[PDB]
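Data from protein-v1.cif: mmCIF, C-alpha atoms and all ligand atoms
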```
data_query
loop_
_atom_site.label_atom_id
_atom_site.label_comp_id
_atom_site.auth_asym_id
_atom_site.auth_seq_id
_atom_site.Cartn_x
_atom_site.Cartn_y
_atom_site.Cartn_z
CA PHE A 62 90.15 102.47 76.82
CA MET A 63 93.15 100.15 76.66
CA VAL A 64 96.30 100.94 74.86
CA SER A 65 98.20 98.40 72.88
CA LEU A 66 100.65 96.05 74.67
CA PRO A 67 104.33 96.57 73.72
CA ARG A 68 106.35 93.95 71.85
CA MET A 69 107.17 91.12 74.22
CA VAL A 70 109.25 87.99 73.78
CA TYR A 71 107.99 84.95 75.70
CA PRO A 72 107.40 81.25 75.09
CA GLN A 73 104.67 80.42 72.57
CA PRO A 74 101.52 78.87 74.13
CA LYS A 75 101.13 75.40 72.59
CA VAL A 76 97.59 74.42 71.90
CA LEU A 77 98.27 70.65 71.97
CA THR A 78 100.15 71.02 75.30
CA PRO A 79 98.21 71.89 78.55
CA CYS A 80 99.97 73.94 81.26
CA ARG A 81 98.68 71.55 83.96
CA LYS A 82 97.22 68.05 83.29
CA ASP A 83 96.84 67.16 86.92
CA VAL A 84 94.22 69.79 87.77
CA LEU A 85 91.03 71.46 86.43
CA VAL A 86 92.20 74.89 85.21
CA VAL A 87 88.75 76.21 84.04
CA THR A 88 85.30 75.93 85.70
CA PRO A 89 82.24 74.66 83.71
CA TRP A 90 81.07 78.27 83.45
CA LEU A 91 84.48 79.17 81.76
CA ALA A 92 86.08 80.97 84.82
CA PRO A 93 89.86 80.29 85.07
CA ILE A 94 91.09 78.34 88.11
CA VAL A 95 94.33 80.02 89.01
CA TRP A 96 97.25 77.60 89.55
CA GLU A 97 100.91 78.00 89.08
CA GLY A 98 101.87 77.32 85.43
CA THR A 99 98.57 78.66 84.02
CA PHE A 100 99.57 82.35 83.64
CA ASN A 101 102.42 84.44 82.23
CA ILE A 102 102.65 87.09 84.90
CA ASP A 103 104.63 89.39 82.59
CA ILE A 104 101.68 89.65 80.19
CA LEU A 105 99.23 90.14 83.07
CA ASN A 106 101.42 92.77 84.74
CA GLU A 107 101.56 94.70 81.44
CA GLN A 108 97.78 94.55 81.01
CA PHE A 109 97.04 95.75 84.56
CA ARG A 110 99.82 98.36 84.75
CA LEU A 111 98.52 99.91 81.48
CA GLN A 112 95.22 100.37 83.28
CA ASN A 113 96.99 101.96 86.38
CA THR A 114 95.22 99.46 88.54
CA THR A 115 94.81 100.15 92.25
CA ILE A 116 94.14 97.16 94.55
CA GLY A 117 92.57 97.56 98.01
CA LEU A 118 93.32 94.91 100.65
CA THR A 119 91.02 94.70 103.58
CA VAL A 120 92.04 93.00 106.85
CA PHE A 121 90.35 92.95 110.23
CA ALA A 122 92.46 92.95 113.40
CA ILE A 123 90.02 93.03 116.31
CA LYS A 124 90.99 92.41 119.94
CA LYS A 125 93.93 90.04 120.25
CA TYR A 126 94.28 89.64 116.44
CA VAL A 127 96.24 92.91 116.29
CA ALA A 128 99.22 90.62 117.09
CA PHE A 129 99.07 89.22 113.55
CA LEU A 130 99.37 92.53 111.71
CA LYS A 131 103.17 92.92 111.76
CA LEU A 132 103.85 89.69 109.92
CA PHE A 133 100.79 89.98 107.68
CA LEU A 134 101.76 93.49 106.44
CA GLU A 135 105.57 92.92 106.22
CA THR A 136 105.04 89.79 104.11
CA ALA A 137 102.35 91.52 102.07
CA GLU A 138 104.99 94.07 101.19
CA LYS A 139 107.21 91.31 99.86
CA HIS A 140 104.63 89.38 97.93
CA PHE A 141 101.25 91.10 97.32
CA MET A 142 100.81 93.09 94.06
CA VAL A 143 104.38 94.37 94.05
CA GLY A 144 104.77 97.02 91.33
CA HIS A 145 101.09 97.93 91.46
CA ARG A 146 99.30 100.60 93.44
CA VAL A 147 98.03 99.06 96.76
CA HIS A 148 95.83 100.61 99.49
CA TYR A 149 95.68 98.56 102.70
CA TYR A 150 92.61 99.08 104.90
CA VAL A 151 93.13 97.83 108.44
CA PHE A 152 89.91 97.63 110.40
CA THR A 153 90.60 97.57 114.11
CA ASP A 154 89.24 98.46 117.55
CA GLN A 155 92.79 99.46 118.61
CA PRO A 156 94.29 102.01 116.18
CA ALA A 157 97.30 102.55 118.44
CA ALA A 158 98.17 98.85 118.29
CA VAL A 159 98.67 98.87 114.43
CA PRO A 160 102.46 98.34 113.86
CA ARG A 161 104.48 100.87 111.90
CA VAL A 162 105.34 98.91 108.78
CA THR A 163 107.52 100.41 106.09
CA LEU A 164 105.82 100.35 102.72
CA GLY A 165 107.14 100.41 99.15
CA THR A 166 106.46 103.26 96.80
CA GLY A 167 102.86 103.67 95.61
CA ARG A 168 101.42 101.82 98.58
CA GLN A 169 99.41 103.29 101.39
CA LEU A 170 97.72 102.16 104.59
CA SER A 171 94.60 103.52 106.29
CA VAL A 172 93.43 102.55 109.74
CA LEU A 173 89.58 102.32 110.05
CA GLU A 174 88.41 102.16 113.62
CA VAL A 175 85.48 99.90 114.29
CA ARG A 176 83.70 98.39 117.20
CA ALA A 177 84.69 95.02 118.69
CA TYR A 178 82.00 92.32 119.23
CA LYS A 179 82.42 89.89 122.15
CA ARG A 180 81.94 86.65 120.22
CA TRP A 181 84.57 85.64 117.64
CA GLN A 182 81.59 84.57 115.46
CA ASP A 183 80.20 88.04 115.40
CA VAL A 184 83.62 89.64 114.80
CA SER A 185 84.04 87.36 111.77
CA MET A 186 80.40 87.70 110.50
CA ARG A 187 80.27 91.48 110.88
CA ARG A 188 83.14 91.97 108.42
CA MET A 189 80.54 91.72 105.62
CA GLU A 190 78.58 94.70 106.93
CA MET A 191 81.73 96.67 107.59
CA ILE A 192 83.17 96.06 104.17
CA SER A 193 79.95 96.93 102.47
CA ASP A 194 79.65 100.22 104.58
CA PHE A 195 83.15 101.20 103.38
CA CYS A 196 82.55 100.19 99.69
CA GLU A 197 79.64 102.54 99.73
CA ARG A 198 81.82 105.65 99.51
CA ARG A 199 85.46 105.17 100.34
CA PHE A 200 86.48 102.16 98.21
CA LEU A 201 84.61 103.24 95.14
CA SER A 202 86.70 106.46 94.90
CA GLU A 203 90.03 104.92 95.93
CA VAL A 204 90.54 101.51 94.40
CA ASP A 205 89.60 99.38 91.32
CA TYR A 206 89.52 96.00 93.08
CA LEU A 207 89.07 94.82 96.66
CA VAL A 208 90.79 91.73 98.13
CA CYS A 209 89.33 90.69 101.48
CA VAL A 210 91.44 88.41 103.65
CA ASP A 211 91.89 86.94 107.14
CA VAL A 212 94.72 88.54 109.21
CA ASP A 213 96.02 85.31 110.93
CA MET A 214 98.16 84.64 107.86
CA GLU A 215 101.40 85.42 106.09
CA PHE A 216 102.40 85.70 102.43
CA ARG A 217 105.17 83.30 101.40
CA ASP A 218 105.07 83.67 97.63
CA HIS A 219 103.69 85.81 94.77
CA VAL A 220 100.04 86.96 95.01
CA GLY A 221 99.51 89.31 92.07
CA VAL A 222 97.24 90.55 89.32
CA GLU A 223 96.47 86.97 88.13
CA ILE A 224 93.71 86.99 90.83
CA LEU A 225 91.96 90.17 89.65
CA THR A 226 88.58 89.77 87.96
CA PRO A 227 85.06 91.03 88.69
CA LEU A 228 84.40 88.34 91.35
CA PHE A 229 86.59 85.58 92.83
CA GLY A 230 86.60 83.03 95.62
CA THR A 231 89.29 80.66 96.83
CA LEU A 232 89.13 76.86 97.19
CA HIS A 233 89.24 75.84 100.90
CA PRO A 234 92.39 73.71 101.27
CA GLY A 235 90.53 71.10 103.32
CA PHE A 236 87.93 70.35 100.60
CA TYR A 237 89.35 70.78 97.15
CA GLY A 238 89.39 67.00 96.58
CA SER A 239 86.07 66.38 98.31
CA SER A 240 82.77 65.37 96.76
CA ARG A 241 80.04 67.93 97.29
CA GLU A 242 77.96 65.95 99.78
CA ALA A 243 81.06 66.10 102.06
CA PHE A 244 81.25 69.88 101.84
CA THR A 245 80.32 71.58 105.13
CA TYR A 246 77.75 73.88 103.62
CA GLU A 247 74.86 74.98 105.84
CA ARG A 248 72.35 72.07 105.51
CA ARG A 249 69.38 73.44 107.51
CA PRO A 250 66.61 74.74 105.17
CA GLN A 251 65.71 77.26 107.83
CA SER A 252 68.94 79.18 107.09
CA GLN A 253 69.43 81.62 104.19
CA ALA A 254 72.75 79.84 103.70
CA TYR A 255 71.13 76.48 102.99
CA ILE A 256 72.59 74.37 100.12
CA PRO A 257 70.99 70.97 99.32
CA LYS A 258 73.14 67.87 99.11
CA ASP A 259 72.95 67.75 95.31
CA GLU A 260 74.05 71.29 94.74
CA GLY A 261 77.39 73.05 94.95
CA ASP A 262 80.42 73.54 92.69
CA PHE A 263 83.22 74.09 95.26
CA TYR A 264 83.75 74.81 98.91
CA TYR A 265 85.13 78.38 99.08
CA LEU A 266 86.86 79.94 102.05
CA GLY A 267 85.66 82.85 104.08
CA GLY A 268 89.34 84.04 104.40
CA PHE A 269 90.07 85.13 100.82
CA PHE A 270 87.65 86.60 98.30
CA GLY A 271 87.43 89.75 96.24
CA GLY A 272 86.60 91.39 92.93
CA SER A 273 85.75 94.71 91.52
CA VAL A 274 84.46 97.11 94.18
CA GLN A 275 80.95 96.88 92.68
CA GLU A 276 80.91 93.09 92.86
CA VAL A 277 82.41 92.96 96.33
CA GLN A 278 79.80 95.53 97.59
CA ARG A 279 77.13 93.23 96.12
CA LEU A 280 78.50 90.14 97.74
CA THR A 281 79.07 91.70 101.20
CA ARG A 282 75.71 93.43 101.22
CA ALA A 283 73.91 90.25 100.20
CA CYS A 284 75.75 88.18 102.84
CA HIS A 285 75.09 90.79 105.57
CA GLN A 286 71.35 90.95 104.65
CA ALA A 287 71.17 87.11 104.74
CA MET A 288 72.89 86.96 108.12
CA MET A 289 70.38 89.50 109.44
CA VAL A 290 67.46 87.35 108.26
CA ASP A 291 69.03 84.28 109.99
CA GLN A 292 69.59 86.29 113.25
CA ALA A 293 65.92 87.35 113.19
CA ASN A 294 64.95 83.68 112.67
CA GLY A 295 67.27 82.63 115.58
CA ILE A 296 69.68 80.61 113.48
CA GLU A 297 73.37 81.09 113.00
CA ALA A 298 74.96 79.27 110.04
CA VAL A 299 77.35 76.39 110.81
CA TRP A 300 80.38 78.18 109.39
CA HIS A 301 79.19 81.74 109.88
CA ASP A 302 80.14 84.16 107.07
CA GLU A 303 81.86 81.32 105.17
CA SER A 304 78.53 79.50 104.86
CA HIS A 305 76.84 82.68 103.44
CA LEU A 306 79.71 83.32 101.07
CA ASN A 307 79.31 79.76 99.70
CA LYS A 308 75.63 80.28 99.13
CA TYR A 309 76.30 83.58 97.36
CA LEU A 310 79.00 82.04 95.10
CA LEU A 311 76.79 79.14 94.24
CA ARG A 312 74.11 81.49 92.89
CA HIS A 313 76.49 84.14 91.50
CA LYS A 314 79.32 82.24 89.91
CA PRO A 315 82.77 83.78 90.30
CA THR A 316 84.66 84.92 87.23
CA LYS A 317 87.92 83.35 88.59
CA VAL A 318 88.52 80.79 91.25
CA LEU A 319 91.85 80.73 93.15
CA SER A 320 93.47 77.32 93.75
CA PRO A 321 94.43 76.41 97.35
CA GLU A 322 97.89 77.82 96.57
CA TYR A 323 96.28 81.07 97.70
CA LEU A 324 95.22 79.96 101.23
CA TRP A 325 97.01 76.89 102.59
CA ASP A 326 97.67 75.46 106.04
CA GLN A 327 101.02 73.63 105.92
CA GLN A 328 100.79 72.46 109.60
CA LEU A 329 97.45 70.62 109.02
CA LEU A 330 97.87 69.63 105.39
CA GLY A 331 101.55 69.50 104.57
CA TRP A 332 102.84 70.23 101.00
CA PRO A 333 101.21 68.03 98.37
CA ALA A 334 102.74 67.66 94.97
CA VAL A 335 99.70 69.34 93.26
CA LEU A 336 100.76 72.61 95.04
CA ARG A 337 103.79 74.02 93.27
CA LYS A 338 103.68 77.13 95.44
CA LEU A 339 102.30 77.94 98.88
CA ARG A 340 101.51 81.67 98.52
CA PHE A 341 99.46 82.70 101.58
CA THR A 342 99.37 80.48 104.61
CA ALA A 343 97.85 80.11 108.04
CA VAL A 344 99.85 81.32 111.06
CA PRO A 345 99.56 78.76 113.76
CA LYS A 346 97.38 79.85 116.67
CA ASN A 347 95.40 78.65 119.66
CA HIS A 348 91.76 79.37 118.91
CA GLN A 349 90.58 79.33 122.55
CA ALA A 350 93.37 81.59 123.85
CA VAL A 351 93.43 84.15 120.96
CA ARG A 352 89.63 84.51 120.60
CA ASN A 353 88.82 85.25 124.23
CA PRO A 354 90.13 87.84 126.78
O1 LIG A 401 88.87 88.06 117.91
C1 LIG A 401 88.86 88.08 116.64
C2 LIG A 401 88.26 87.09 115.88
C3 LIG A 401 88.29 87.17 114.46
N1 LIG A 401 88.92 88.27 113.80
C4 LIG A 401 89.00 88.51 112.33
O2 LIG A 401 88.14 87.50 111.71
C5 LIG A 401 88.94 86.71 110.81
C6 LIG A 401 88.35 85.24 110.83
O3 LIG A 401 88.54 84.61 112.14
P1 LIG A 401 89.58 83.48 112.37
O4 LIG A 401 90.85 83.82 111.61
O5 LIG A 401 89.70 83.30 113.88
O6 LIG A 401 88.85 82.18 111.70
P2 LIG A 401 89.67 80.83 111.36
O7 LIG A 401 90.58 81.15 110.11
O8 LIG A 401 90.61 80.50 112.58
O9 LIG A 401 88.63 79.76 111.17
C7 LIG A 401 90.33 86.79 111.48
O10 LIG A 401 91.32 86.53 110.50
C8 LIG A 401 90.42 88.24 111.80
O11 LIG A 401 90.49 89.06 110.62
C9 LIG A 401 89.45 89.29 114.59
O12 LIG A 401 90.04 90.20 114.09
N2 LIG A 401 89.44 89.17 115.99
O1 LIG A 402 84.44 72.65 107.44
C1 LIG A 402 84.73 74.05 107.34
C2 LIG A 402 85.79 74.40 108.39
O2 LIG A 402 86.97 73.72 108.02
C3 LIG A 402 87.96 73.81 109.03
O3 LIG A 402 89.10 73.12 108.58
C4 LIG A 402 88.36 75.25 109.20
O4 LIG A 402 89.16 75.32 110.37
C5 LIG A 402 87.08 76.02 109.55
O5 LIG A 402 87.35 77.37 109.73
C6 LIG A 402 85.98 75.92 108.50
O6 LIG A 402 86.39 76.47 107.23
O1 LIG A 403 84.15 80.22 110.83
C1 LIG A 403 84.08 81.18 109.77
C2 LIG A 403 85.54 81.40 109.41
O2 LIG A 403 85.85 80.25 108.58
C3 LIG A 403 87.24 80.27 108.08
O3 LIG A 403 87.57 79.10 107.35
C4 LIG A 403 87.51 81.48 107.16
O4 LIG A 403 88.83 81.47 106.56
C5 LIG A 403 87.25 82.69 108.06
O5 LIG A 403 87.35 83.82 107.23
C6 LIG A 403 85.78 82.68 108.63
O6 LIG A 403 84.85 82.70 107.51
MN MN A 404 91.73 82.85 109.89
#
```
Full structure transcribed into structure tokens:
Amino acid sequence: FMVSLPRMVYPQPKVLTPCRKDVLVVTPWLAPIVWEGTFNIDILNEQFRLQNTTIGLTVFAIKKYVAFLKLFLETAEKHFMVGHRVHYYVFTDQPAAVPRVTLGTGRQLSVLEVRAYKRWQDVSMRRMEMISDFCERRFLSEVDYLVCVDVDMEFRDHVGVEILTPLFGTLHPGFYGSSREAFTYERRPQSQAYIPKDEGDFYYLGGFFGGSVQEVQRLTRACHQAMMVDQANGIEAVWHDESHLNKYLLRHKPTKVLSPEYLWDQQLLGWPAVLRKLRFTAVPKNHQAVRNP
């Protein structure tokens, strides 16, 4: 049950004036595409605070990637869901390496110890199993929504309740202007992740997705099961869990899509005029050095 909103004074939405004319702000299945200028965060904050919403944020910091946690968490404190209840879940093979970050009121952090796999591919792919294992009791009792992100990142601007919905993905910043045949979906029919050249709405990122706990448990269980079928068939998808996530979101359309505001790489892609804000961005790193002992 939802109580009434209070009286609020804010600018009138004008029907014959779009918020953004330069971008698609709604998918063909009527899911909002979240860009700056499309939402009044005061109305959304009211709606979600009246529900006492709790948001879980999952982040994996395995092996050398524990070095990214200090900046990730300190910037999360400045920018992620401030004013709302937040539960961080840090999955790591090194609990003693998790930095002591000071948190705002109504925010908590739990450290979940997990095993480390040797190959970066497996570390990244096995997040789906691990998230689904933890949905299956812990998340269901503790949070309303789960946001599942890469750790090699920092928040630079607001990331708030505008993203929350039963199921969301995020447009990969390398592909948002690309035609679908250029998307790097898995193209081998022998893989569970296979998408034909004439299918596909968007190219979503493996590094930022989420939803209600029920929908995120569905997605992560389905992706884990599909990866297991591929492993048994001796095939590993071209972009690993990202490829499986794209297949899942093609067949189970998300109820919001985040614009590339929400996962950008300024070093590789700069700051185009269509991005009014860069909210969550890649930390530069050396793949070969950071992924291997
Ligand atoms: O040795 C590793 C490799 C990967 N990851 C986790 O897997 C995510 C995806 O890997 P990565 O960020 O290397 O992929 P990229 O964004 O560089 O393509 C990382 O953010 C970490 O959460 C990890 O913790 N340790
Ligand atoms: O083509 C898909 C790939 O795009 C690259 O830019 C990115 O580094 C990869 O992680 C993967 O998403
Ligand atoms: O190579 C697979 C990786 O691709 C990246 O683009 C994505 O942000 C990571 O989360 C992981 O899915
Ligand atoms: Mn990453």
Which residues of chain A have any atom within 9 Å of an atom in ligand LIG 402 (chain A) when counting all atoms listed in the file, and what is the closest pair of atoms for each, with the distance in Å to one decimal? Order the rows by chain and rising number and write it as JSON lines.
```
{"residue": "A:233", "atom": "CA", "partner": "A:LIG402", "partner_atom": "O6", "distance": 7.0}
{"residue": "A:234", "atom": "CA", "partner": "A:LIG402", "partner_atom": "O3", "distance": 8.0}
{"residue": "A:235", "atom": "CA", "partner": "A:LIG402", "partner_atom": "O3", "distance": 5.8}
{"residue": "A:236", "atom": "CA", "partner": "A:LIG402", "partner_atom": "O1", "distance": 8.0}
{"residue": "A:244", "atom": "CA", "partner": "A:LIG402", "partner_atom": "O1", "distance": 7.0}
{"residue": "A:245", "atom": "CA", "partner": "A:LIG402", "partner_atom": "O1", "distance": 4.8}
{"residue": "A:246", "atom": "CA", "partner": "A:LIG402", "partner_atom": "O1", "distance": 7.8}
{"residue": "A:264", "atom": "CA", "partner": "A:LIG402", "partner_atom": "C1", "distance": 8.5}
{"residue": "A:265", "atom": "CA", "partner": "A:LIG402", "partner_atom": "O6", "distance": 8.5}
{"residue": "A:266", "atom": "CA", "partner": "A:LIG402", "partner_atom": "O6", "distance": 6.3}
{"residue": "A:267", "atom": "CA", "partner": "A:LIG402", "partner_atom": "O6", "distance": 7.2}
{"residue": "A:268", "atom": "CA", "partner": "A:LIG402", "partner_atom": "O6", "distance": 8.6}
{"residue": "A:299", "atom": "CA", "partner": "A:LIG402", "partner_atom": "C1", "distance": 8.5}
{"residue": "A:300", "atom": "CA", "partner": "A:LIG402", "partner_atom": "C6", "distance": 6.1}
{"residue": "A:303", "atom": "CA", "partner": "A:LIG402", "partner_atom": "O6", "distance": 6.9}
{"residue": "A:304", "atom": "CA", "partner": "A:LIG402", "partner_atom": "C1", "distance": 8.6}
{"residue": "A:329", "atom": "CA", "partner": "A:LIG402", "partner_atom": "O3", "distance": 8.7}
```
Using only C-alpha atoms, which of A:274, A:194, A:104, A:334 sits nearest residue 83 (chain A)?
->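 Looking only at the distances to residue 83 (chain A), the closest residue turns out to be A:334.
One finds CA of residue 255 (chain A) at 23.2 Å from atom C3 of ligand LIG 401 (chain A).
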Find the residue from A:145, A:132, A:179, A:72 that sits nearest to residue 161 (chain A); use all atoms listed in the file when measuring.
-> A:132
Excluding region 110-114 of chain A and its own-chain neighbours fewer than 4 positions away, which residues fall within 7 Å of it when counting all atoms listed in the file? Please give them as a PDB file with C-alpha atoms, in the coordinates of the input.
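Result went into part_6.pdb, see below:
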```pdb
ATOM      1  CA  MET A  63      93.150 100.150  76.660  1.00  0.00           C
ATOM      2  CA  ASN A 106     101.420  92.770  84.740  1.00  0.00           C
ATOM      3  CA  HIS A 145     101.090  97.930  91.460  1.00  0.00           C
ATOM      4  CA  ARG A 146      99.300 100.600  93.440  1.00  0.00           C
ATOM      5  CA  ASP A 205      89.600  99.380  91.320  1.00  0.00           C
TER       6      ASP A 205
END
```
Using 8 Å of padding on each side, determine the axis-aligned box around all atoms of ligand LIG 401 (chain A) present in the file and give its centre and edge lengths in Å to one decimal, as lines of an AutoDock Vina configuration file.
```
center_x = 89.7
center_y = 85.0
center_z = 114.0
size_x = 19.2
size_y = 26.4
size_z = 23.8
```
Write region 320-334 of chain A as an mmCIF file, keeping the file's coordinate frame, completed to N, CA, C and O atoms.
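The resulting file, rebuild_11.cif, is shown below:
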```cif
data_model
loop_
_atom_site.group_PDB
_atom_site.id
_atom_site.type_symbol
_atom_site.label_atom_id
_atom_site.label_comp_id
_atom_site.auth_asym_id
_atom_site.auth_seq_id
_atom_site.Cartn_x
_atom_site.Cartn_y
_atom_site.Cartn_z
ATOM 1 N N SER A 320 93.087 78.681 93.256
ATOM 2 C CA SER A 320 93.470 77.320 93.750
ATOM 3 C C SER A 320 93.879 77.467 95.246
ATOM 4 O O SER A 320 94.124 78.567 95.771
ATOM 5 N N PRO A 321 94.015 76.341 95.933
ATOM 6 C CA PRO A 321 94.430 76.410 97.350
ATOM 7 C C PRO A 321 95.882 76.869 97.546
ATOM 8 O O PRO A 321 96.257 77.085 98.755
ATOM 9 N N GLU A 322 96.646 77.075 96.464
ATOM 10 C CA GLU A 322 97.890 77.820 96.570
ATOM 11 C C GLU A 322 97.712 79.102 97.382
ATOM 12 O O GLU A 322 98.634 79.594 98.050
ATOM 13 N N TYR A 323 96.524 79.721 97.211
ATOM 14 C CA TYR A 323 96.280 81.070 97.700
ATOM 15 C C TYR A 323 95.771 81.114 99.133
ATOM 16 O O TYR A 323 95.646 82.206 99.729
ATOM 17 N N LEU A 324 95.452 79.971 99.766
ATOM 18 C CA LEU A 324 95.220 79.960 101.230
ATOM 19 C C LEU A 324 95.399 78.501 101.724
ATOM 20 O O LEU A 324 94.501 77.659 101.573
ATOM 21 N N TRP A 325 96.583 78.277 102.277
ATOM 22 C CA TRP A 325 97.010 76.890 102.590
ATOM 23 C C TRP A 325 97.304 76.875 104.076
ATOM 24 O O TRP A 325 97.560 77.865 104.715
ATOM 25 N N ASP A 326 97.249 75.664 104.652
ATOM 26 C CA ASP A 326 97.670 75.460 106.040
ATOM 27 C C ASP A 326 98.685 74.313 106.053
ATOM 28 O O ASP A 326 98.244 73.142 105.992
ATOM 29 N N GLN A 327 99.975 74.638 106.096
ATOM 30 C CA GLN A 327 101.020 73.630 105.920
ATOM 31 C C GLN A 327 101.024 72.712 107.191
ATOM 32 O O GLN A 327 101.360 71.507 107.095
ATOM 33 N N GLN A 328 100.708 73.281 108.349
ATOM 34 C CA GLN A 328 100.790 72.460 109.600
ATOM 35 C C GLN A 328 99.736 71.343 109.490
ATOM 36 O O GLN A 328 100.043 70.154 109.807
ATOM 37 N N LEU A 329 98.528 71.602 109.054
ATOM 38 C CA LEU A 329 97.450 70.620 109.020
ATOM 39 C C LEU A 329 97.463 69.779 107.785
ATOM 40 O O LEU A 329 96.901 68.674 107.769
ATOM 41 N N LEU A 330 98.029 70.334 106.705
ATOM 42 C CA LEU A 330 97.870 69.630 105.390
ATOM 43 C C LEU A 330 99.165 69.327 104.633
ATOM 44 O O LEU A 330 99.134 68.703 103.495
ATOM 45 N N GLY A 331 100.303 69.766 105.186
ATOM 46 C CA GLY A 331 101.550 69.500 104.570
ATOM 47 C C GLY A 331 101.826 70.209 103.245
ATOM 48 O O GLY A 331 101.371 71.342 103.109
ATOM 49 N N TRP A 332 102.483 69.578 102.304
ATOM 50 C CA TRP A 332 102.840 70.230 101.000
ATOM 51 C C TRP A 332 102.735 69.229 99.904
ATOM 52 O O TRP A 332 103.727 68.624 99.465
ATOM 53 N N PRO A 333 101.511 69.008 99.441
ATOM 54 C CA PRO A 333 101.210 68.030 98.370
ATOM 55 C C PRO A 333 101.810 68.408 97.034
ATOM 56 O O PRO A 333 102.005 69.624 96.700
ATOM 57 N N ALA A 334 102.061 67.399 96.211
ATOM 58 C CA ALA A 334 102.740 67.660 94.970
ATOM 59 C C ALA A 334 101.902 68.548 94.036
ATOM 60 O O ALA A 334 102.521 69.312 93.285
#
```
